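**Student:** Encoded as structure tokens, here's the structure I'll be asking about.
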Amino acid sequence: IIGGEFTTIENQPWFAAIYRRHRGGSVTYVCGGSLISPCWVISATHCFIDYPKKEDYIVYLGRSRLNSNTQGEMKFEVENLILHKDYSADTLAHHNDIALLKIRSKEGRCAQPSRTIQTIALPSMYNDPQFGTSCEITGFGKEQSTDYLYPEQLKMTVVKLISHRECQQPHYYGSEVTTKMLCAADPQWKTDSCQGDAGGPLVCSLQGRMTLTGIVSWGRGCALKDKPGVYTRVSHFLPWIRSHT
Ligand SMILES: N=C(N)Nc1ccc(C(=O)Oc2ccc3cc(C(=N)N)ccc3c2)cc1
């Protein structure tokens, strides 16, 4: 996350931290995700497509720090790693950039709500907040494009939903942005998602509830003028999601 504020998991209790264990025993951070039901985390296919072996991934819930334990965190194995059959990468854009991770503890449990762990609602089919709506993003991603380290403490910020009209302009992303994506940026371009925030939530109030409106997917740089964050448009993927859950 560029700009915004350090937070704790209690402020984003659906946030999932996804790591990969390496042959040698090193475990490193992959991507964010979102708890959408007790057994299911949603994230971005591009996080996993290069190494789609469920056995080498760990999911934490209730975790506020990247490389140390949080009291109230819970560790899960990936019972099922479901990538989108129609994922593809352009020069910038990722298409159908959505993934499901079916979680289970070695004890065989799915998630239990607590002070640090809660599910996030899905939107209804094709239902999105109006353009100019303020939404929250969260992640362990870089605090500056040019950084080589990730922050140790979870961050969040607020961005505004941008019209496709505005996002499709040629000095923005022109062609690369489709109707299965949502753009969101700061009107002063001072705060954004960045590398390491992929798969993380874009959360909006919609039809009365905090809703998972988007999944952090891609962008040219981070907090660059006329280069918004691009998100997977969750509202378009409900039948895909229901088919697995
Ligand atoms: N094996 C993996 N998990 N790889 C991997 C997985 C994910 C990423 C990653 O996080 O890629 C990006 C990079 C830049 C981004 C910029 C913006 C933006 N301006 N809002 C948004 C998202 C971005 C995402 C990188 C690598």
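Heads up, residue numbers simply count up from 1 along the chain you see.
If you're wondering, the header gives X-ray crystallography, 1.9 Å.
Each Cβ is built from the backbone N, Cα and C atoms, and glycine gets one as well.
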**Student:** Under Swiss-Prot's annotation, the disulfide partner of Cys194 is which of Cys167, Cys183, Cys204, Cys222?
**Tutor:** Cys222
**Student:** What is the disulfide partner of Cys31 among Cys39, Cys47, as given in Swiss-Prot?
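**Tutor:** Checking Swiss-Prot: disulfide partner of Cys31 resolves to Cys47.
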**Student:** Have a look at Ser105, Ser145, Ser163 and find the one that Swiss-Prot tags as phosphoserine.
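**Tutor:** That would be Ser145, per the phosphoserine annotation in Swiss-Prot.
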**Student:** Regarding the disulphide bond with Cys167, report which of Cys135, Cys183 Swiss-Prot records as its partner.
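**Tutor:** Partner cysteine, according to Swiss-Prot: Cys183.
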**Student:** Identify which of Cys39, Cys135 is listed by Swiss-Prot as the disulfide partner of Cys110.
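**Tutor:** Among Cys39, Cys135, the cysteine that Swiss-Prot links to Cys110 by a disulfide bond is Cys39.
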**Student:** Please classify the secondary structure at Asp97 (active site, charge relay system) using three-state DSSP.
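**Tutor:** Note: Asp97 (active site, charge relay system) is coil by DSSP, not helix or strand.
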**Student:** Can you list which of the disulfide-bonded residues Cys31, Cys47, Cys135, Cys194, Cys222 have their Cβ under 6 Å from some atom of ligand 1?
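**Tutor:** Cβ under 6 Å from ligand 1: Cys31, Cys47, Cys194, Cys222.
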**Student:** Provide the number of Cβ atoms within 10 Å of the Cβ of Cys167 (disulfide bond), excluding the reference atom itself.
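**Tutor:** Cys167 (disulfide bond): 23 neighbouring Cβ atoms within 10 Å.
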